[PDB]
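The chain that follows stands alone, in the form deposited without the named molecule, written as structure tokens.
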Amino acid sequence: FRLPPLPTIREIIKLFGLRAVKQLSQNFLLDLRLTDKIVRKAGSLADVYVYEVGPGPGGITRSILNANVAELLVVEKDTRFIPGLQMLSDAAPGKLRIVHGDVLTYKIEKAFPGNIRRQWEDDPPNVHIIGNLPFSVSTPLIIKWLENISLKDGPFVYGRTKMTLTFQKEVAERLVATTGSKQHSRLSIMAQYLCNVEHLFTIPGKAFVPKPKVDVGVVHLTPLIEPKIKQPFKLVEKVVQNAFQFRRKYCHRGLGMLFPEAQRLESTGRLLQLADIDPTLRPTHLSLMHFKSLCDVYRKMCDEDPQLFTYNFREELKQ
């Protein structure tokens, strides 16, 4: 017969390598011009203690190191990128600390000196968190961090520490969306009640390798001195999540799911009435102050009735 040639090992490696990368779901920024821009937009990092999450090939890492940073600590999950980061540390001695870990669990409360901590009401501290992370990591990460801001712990034991982070365009858009927008949703309230949030700019997907199917938003967050709602994070999260579950219906429908069926007509009516909200507002028109009212009223209902808080409407739906 006549059969095709064997692959060379070079071809085999290329095959294994490309497939290896088309997994992992990182969107590499291999362009120092863009990583320079991200760092520039984050603000001055002069004498700042920087925490970079998931540096990967280290484009953002190089841009940070060039910004008169006091110190940079990076946490990286994939060992494959670690020796490249090591090389980088050797080029800037004393400047770069590398940790092989998971940004979702790694605690940085003791990573920088205690003397750099600042009161909550003071200006934000010389700690800044910067990161270009996989979309599947950055969403739960910001949610963990928002709860940390609520508790004033985690990265927020230093004070009102700043974040500059990439997200998919649409997640970026939800984070800064205001009332009445199709994007004003659960994440809009969660971030905005706790932080000042600004969408710095958008980077086209084409700029990343591999090319994701969406664009990438760069978002800056600074914790608020006075948060817009003062109730436990999990309470706010529950009200907000219930408020938004049915987007094209009166908000009464979503908020009603906070209450067992047997009291739902009366209780949902009372919640809206004590909160002083039109029960026919669609969720997108619910503002931070509506949510403050809703959460305050719900808190008192929970205190009067300790069965309320762990009520789950789907469990009831199982007859």
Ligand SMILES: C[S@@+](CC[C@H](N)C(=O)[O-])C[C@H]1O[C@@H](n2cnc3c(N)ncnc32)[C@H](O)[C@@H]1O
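Numbers follow the displayed sequence, beginning with 1.
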Higher avg CA temperature factor (3-11 vs 308-316, as deposited) belongs to 3-11
With B-factors read from the PDB entry, the higher C-alpha mean of 272-280 and 25-33 is in 25-33
Listed options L151, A92, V236, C195: highest C-alpha B factor recorded at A92
Comparing C-alpha B-factors across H220, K230, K144, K213 in this entry, the winner is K213
Quick tally, chain-level thirds of C-alpha B-factors: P134 sits in the middle
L265: CA temperature factor from the record, placed by chain third, in the lowest
By the entry's values, the third containing the CA B factor of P204 is the highest
Chain-relative C-alpha B factor for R248 (record values, thirds): the middle
Temperature factor at the Cα of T179, chain-ranked in thirds, falls in the highest
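Below, we turn to the form deposited with the named molecule bound, even though it does not appear here.
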Only one of 185-193, 152-160, 240-248, 68-76 sits within 4.5 Å of the named molecule in the bound PDB entry by heavy atom distance, namely 68-76
- Query: Heavy atom to heavy atom, is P260 within 4.5 Å of the named molecule in the bound PDB entry?
  - Reply: no
Give a yes or no for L29: in the bound PDB entry, does one of its heavy atoms lie within 4.5 Å of a heavy atom belonging to the named molecule? yes
### Query
How about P134: is it within 4.5 Å of the named molecule in the bound PDB entry, going by heavy atoms?
yes
Is it the case that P57, even though its partner is missing from this view, gets within 4.5 Å of the named molecule in the bound PDB entry, heavy atoms only? yes
If we test each of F167, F112, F81, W145 for a heavy atom within 4.5 Å of the named molecule in the bound PDB entry, the one that passes is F81
Partner-free chain; cross-checking the named molecule in the bound PDB entry, the single residue of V103, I129, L88, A177 with a heavy atom within 4.5 Å is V103
When the named molecule is considered in the bound PDB entry, the residues of 188-225 having a heavy atom within 4.5 Å of it are none
